[PDB]
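Student: my sequence and its experimental structure, below.
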Amino acid sequence: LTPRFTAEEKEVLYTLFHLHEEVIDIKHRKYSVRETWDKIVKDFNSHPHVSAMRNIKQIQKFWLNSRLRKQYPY
DNA sequence: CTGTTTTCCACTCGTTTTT
DNA sequence: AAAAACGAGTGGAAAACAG
């Protein structure tokens, strides 16, 4: 039922991630995490060329997976 | 320290895209 | 037709927390 992330969208999320590295990545933390994530989700869902609206869980899952499957460029 | 709660990540499943 | 990629669920490791 739910679509997939477009290329452009992936670039957007990657950009946001690279920006807020120091807050969401354990490897940089060593403030509100939830609010930072919410900020990212908001910025994404507000982005014009967005396919579908996502919740915080989906975004986080994309973060986790893109790291797992080693495609996170930053 | 011990014991509880929260957050992160490897493994995997069912489907969909790509070779 | 086979392999790779993708979204998603989960258990338990790792970490953060309370006493």
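Tutor: Cool, the structure landed. Numbers count the residues shown, from 1 in each chain, chains lettered A, B, ... in the order given.

Student: close to DNA strand B: what parts of chain A are there?
Tutor: Selection of chain A residues close to DNA strand B by Cβ under 7 Å from any atom of the strand yields A:4, A:24, A:26, A:27, A:33, A:34, A:64, A:67, A:68. All C-beta spots, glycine's among them, are computed from the backbone N, C-alpha and C.

Student: name the member of the residues you listed with the most neighbours.
Tutor: Using other Cβ atoms under 10 Å as the neighbour test, the residues of chain A next to DNA strand B are led by residue A:24, with 17 neighbours.

Student: separation between it and residue A:2?
Tutor: As for residue A:24, its distance to residue A:2 is 22 Å (criterion: Cβ to Cβ, to the nearest Å).

Student: downstream of the helix or strand residue A:28 falls within, the next helix or strand is which one?
Tutor: Using DSSP states H and E, residue A:28 maps to helix A:26-29. As assigned by DSSP H and E, the chain's next helix or strand after helix A:26-29 is helix A:33-46.

Student: which parts of that following helix are buried?
Tutor: Buried residues in helix A:33-46, counted by 16 or more other Cβ atoms under 10 Å: A:37, A:40, A:41, A:44.
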